[PDB]
Each structure stands twice: as structure tokens, then as C-alpha cells.
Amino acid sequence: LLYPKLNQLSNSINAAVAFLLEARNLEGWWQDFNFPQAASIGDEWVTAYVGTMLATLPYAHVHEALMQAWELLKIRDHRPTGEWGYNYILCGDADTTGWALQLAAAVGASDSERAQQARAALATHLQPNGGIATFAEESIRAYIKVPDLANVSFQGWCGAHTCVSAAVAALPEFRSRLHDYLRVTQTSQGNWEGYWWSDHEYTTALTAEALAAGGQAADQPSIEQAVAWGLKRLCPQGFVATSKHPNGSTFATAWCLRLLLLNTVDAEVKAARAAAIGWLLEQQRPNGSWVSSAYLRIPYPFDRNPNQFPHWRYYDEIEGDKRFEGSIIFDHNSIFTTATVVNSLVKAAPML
């Protein structure tokens, strides 16, 4: 054990926590992502996710920040369903609501009236195939005011999503109901593929974690195949290479590192985690952030199969007329990515 590397993990985590606490807005929200001149900037979703990521820290001042985040989420009580959404002006969605319920658990509020109401609302998003859909059709059509989408199918946006199903399965009340859907959606290579995310490491880590938390021996082969996939994804240099980041995605690497925590016996897995930690420590910026790489994609509303859509472009790189559909946006504040990385390092440190 190299005590310098453990001490650098302390210093790295601390610098990231400082960045994240200072990055909150006037009311105290974490904000990230932007749909310019339209849905604008995420707050409820980003705050629920960042708060959940930070729940792994033992620090009293971090717990205080999470208690404040929950108070802010409870003030967002304007939707008749009790759900949360991307930000104030969006309708409710199952993904935001699921992350908000994970944050509620971290602050002892799983049994609160609001949490009970929001969990009940999640049940409306369950699909006949046993997964969770992000949106109710009536709610998201009401929000969207784009003429050429008026009479189009929303069955893509309102279908079962593996990414959101995996996140909701982190909630004990839903884990058993979503089990079979998560099992049957695993690919032949051992990974899962998500709807709103480019990086399969996110959906794969969350799904394997939900199967692990259920404790069923029947699920351990699936978990092990996912870990084997993660080991393949991680380069010897310590990063997951992507088309966009061929020398390593900080977001994909952090999620892969979380996936690899699910096997604590295999020496190759242990060495891969050590490599990923070293690379992440080297990539940290002086302000304690990591480079933004949380790539959120917007399929057409009618598209059930975004992993079969070869036309993705980065919204911020498109010249001239552009639309959100078929484009990828990112966490311009680096809050989403940094929270992800810092969580992965806190969880992985003790397994060095």
C-alpha cells in the first residue's frame, strides 16, 4: 500500500468536495446541463444526483449540504403527482424522482410524506415489460411546443428505459419488481445499454449494483459478466476510451471503477481499479474538478432504439440551424462529472 497514494486520494476528494460545495447557486442548488432558449438548466435532477453521489462522504458539512438539498427538493412541490423533474418548468420524470428518493434515504427521509407520495407516483411509470419509463406521455407532450413534434409518437421517451430502471432499482421498494427486466436486458457481452446516456458504463454499473444489492445468488453470474466487461473496457493506462475521448472519459472511467468494486477477490480487477484511481488522480484540474464528460443525448421522441441511431452529433459543435433531437449535450459546469468521479474514488479507496 502506497501511503502517498492514499493521502493523494484524501487531498483529491477534498479538493473536489470544496469545488462542489462552492458551485451551488443562490438558493443552494447544484445546476448543470443546458437546453439553450428552451428547457434551460437542470437543478432538481442535478441536485438529487450530486447529493446522492456525496452521501458516501463521512463529513458533517457534506451531510449538512445534503439536508439542505432535501429541503430544496421538498419546496419543489408544485406538480400534482409529487414527482420531481429536470428543473421547475419541466414535468415530472421517473429518473429525477428516483435520484431524489435515494437522496431522501441518505438524509433519513425515505418514510416522509413527500417521499411516500413520490414513490407512489413512480409506480405509474412501470411498463408492461417490467421496466420504468422516464415520462408520462400526456405530461411531456403538454410541455413540448415544437410544431414538427405535435403529431409524432412519444413512445421512445415514454417507453421503458434501462438507465432509469437501473437507478429506480437502487430503491428497495422497486428492486424486486424491476429484477426480471434488468436481467433480460443484459447484452451478450455482459453490459447494459441506456436510453439517455452515451456511456454504457453508467447503465451497466447501476444495473449490476441493483442486482448485487438484492443479494440473490441467481444474479451473481450476470454481475460477474458485467465486471468482466468492465475489465475489458478499462485500458491498461487506467481509463475507458471512447470515440469522443480516445485517451479517456472521466465520466465513463468513474462509472467503470464503480462497476469493478463489485468483485473484491480477483487480482486483475484489483489492479485495474488501482490503474483507474491513478489515472483519475492525474486528470484532476487545479480547482478540484474533472473535465466534463457526462454526455446526455436526446433521441427523437418516437425512437425506442437510440443505440441504433448512428447520427449523434454534439450540440455545441453543430454549425447553423440545429435541434436537440439527435444531439448530445454535456455538463458545462463539470458538476455532474466531478460528483461522479469523487464518489467513485471514495468508494474505491478502501479496496486499494
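Residue numbers here begin at 1 and follow the sequence given.
Looking at 45-53 and 302-310 together, the entry lists the larger mean B-factor for 302-310, computed on C-alpha atoms. Stretches 173-181 and 200-208 differ in mean CA B factor, with 173-181 having the higher one. Considering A276, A252, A226, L149 together, the PDB entry gives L149 the largest C-alpha B factor.
Taking the deposited Cα B-factors for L259, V240, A94, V269, the highest one is held by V269. Looking at the C-alpha B-factors along this chain, the one for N25 belongs to the highest third. In the deposited entry, the Cα temperature factor of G214 sits in the top third of values across the chain's modelled residues. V346 sits in the lowest third of its chain by CA B factor, as recorded in the PDB entry. Remark: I329 belongs to the highest third of its chain, ranked by C-alpha B-factor as recorded.
Sorting the modelled residues of the chain by their CA temperature factor places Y315 in the highest third.
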